[PDB]
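*Asks:* Submitted below is the structure of interest, expressed as structure tokens.
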Amino acid sequence: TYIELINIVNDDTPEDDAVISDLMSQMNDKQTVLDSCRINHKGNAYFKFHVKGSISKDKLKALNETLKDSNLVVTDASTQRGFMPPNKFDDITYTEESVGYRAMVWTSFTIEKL
Amino acid sequence: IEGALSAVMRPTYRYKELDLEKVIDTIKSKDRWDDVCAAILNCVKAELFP
Amino acid sequence: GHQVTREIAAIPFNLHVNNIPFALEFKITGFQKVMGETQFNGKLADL
């Protein structure tokens, strides 16, 4: 029925703690960090990570407080509804490498030095 | 709301954030300038006509 | 109380009034990301 169908989507979508856990895994994986590395206009370096699910404002603040211990903050976290492009791309255009479905919930994190 | 015309039209406001990093495919696109122009105008047109 | 000055001051007397409660507001960012490339200025260092 209708309620079950929307529960499937909202149950497939991971919750805040799972989103943070997956973000930490991507930050620990060396190749993913390299793929997410971006050089800013000042010669600085920021990292962009694509993580399935969404994080609420209350736990994003908790995430930033956790990251401060590492001199990192999340300057942006945008909740997209669409396909997840690989971390080596900056754009959300659908390619043969994209994972997901057209209404998938996922977040694009921008992590910068404190 | 303030403004004399509020009495003869339906007050209308729309806010949309456009991130060129996510829209523009900088790796493969041959003409980045045109893609930026299209992204901005497509954002405006999509919201303005309705 | 100790120095006299010829103070020729201009006092703006005007008002900006909005007539039509209609606007579409867009926030467009990322131009420097998609219209330019940063040069390899040596290695990445935190200073």
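Letters A, B, ... mark the chains of the structure tokens in the order given; residue numbers begin at 1 per chain; ligand numbers begin at 1, in order shown.
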Given a cut-off of 6 Å, which residues of chain B touch chain C, counting only C-alpha atoms, written out as a PyMOL selection string?
*Replies:* chain B and resi 3-5+11-21
*Asks:* With only C-alpha atoms considered, list every residue of chain A at most 6 Å from chain B, as a ChimeraX atom specification.
*Replies:* /A:90-92
*Asks:* Just the residues within 10 Å of residue 17 of chain A, please, counting only C-alpha atoms, with nothing from its chain fewer than 4 positions along; format it as a list in words.
*Replies:*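 What passes the distance filter is residues 21, 22, 23, 53, 54, 55, 59 and 63 of chain A.
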*Asks:* Can you write just those residues out, C-alpha atoms, as a short mmCIF file (atom, residue, chain, number, x, y, z; two decimals), in the first residue's frame?
*Replies:*
data_model
loop_
_atom_site.label_atom_id
_atom_site.label_comp_id
_atom_site.auth_asym_id
_atom_site.auth_seq_id
_atom_site.Cartn_x
_atom_site.Cartn_y
_atom_site.Cartn_z
CA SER A 21 29.86 6.71 10.07
CA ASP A 22 30.01 6.38 6.28
CA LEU A 23 31.57 9.85 6.04
CA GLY A 53 21.40 9.77 3.41
CA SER A 54 20.91 13.12 5.12
CA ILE A 55 22.13 14.71 8.35
CA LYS A 59 23.81 16.35 14.46
CA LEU A 63 29.69 16.45 13.68
#
*Asks:* Distance limit 10 Å, atoms considered: only C-alpha atoms. Which chain A residues sit that close to chain C? Return them as number ranges by chain.
*Replies:* A: 38-45, 90, 113
*Asks:* Please provide the set of residues having any atom within 7 Å of residue 77 of chain A, restricted to only C-alpha atoms, with same-chain residues fewer than 5 positions apart removed, written as a ChimeraX atom specification.
*Replies:* /A:107-110
*Asks:* Which residues are near segment 80-87 of chain A? Cut-off 9 Å, only C-alpha atoms, ignore same chain within fewer than 3 positions. Put them as a PyMOL selection string.
*Replies:* chain A and resi 32-33+35-36+48-52+54+90-95+97-108
*Asks:* Where in chain C does DSSP assign strand (DSSP E or B), given as a list in words?
*Replies:* residues 22, 23, 24, 25, 26, 27, 28 and 29 of chain C
*Asks:* Using DSSP on the backbone coordinates, identify all residues within chain C classified as alpha helix (DSSP H); present the result as a PyMOL selection string.
*Replies:* chain C and resi 31-34
*Asks:* Convert the current residue selection to file output with N, CA and C atoms, as a compact mmCIF listing (two decimals), in the first residue's frame.
*Replies:*
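This went into again05.txt:
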# COMPACT_ATOMS: atom_id res chain seq x y z
N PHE C 31 31.38 30.45 -9.28
CA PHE C 31 31.97 30.92 -10.53
C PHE C 31 33.47 30.65 -10.58
N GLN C 32 34.17 30.92 -9.47
CA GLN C 32 35.61 30.71 -9.45
C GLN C 32 35.97 29.24 -9.55
N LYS C 33 35.02 28.35 -9.21
CA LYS C 33 35.28 26.92 -9.29
C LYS C 33 35.18 26.41 -10.73
N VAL C 34 34.26 26.97 -11.52
CA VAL C 34 33.97 26.41 -12.84
C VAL C 34 34.50 27.26 -13.99
*Asks:* Counting only C-alpha atoms, which of A:7, A:70, A:13, A:56 gets nearest to residue 111 of chain A?
*Replies:*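 The shortest atom-to-atom distance to residue 111 of chain A comes from A:70.
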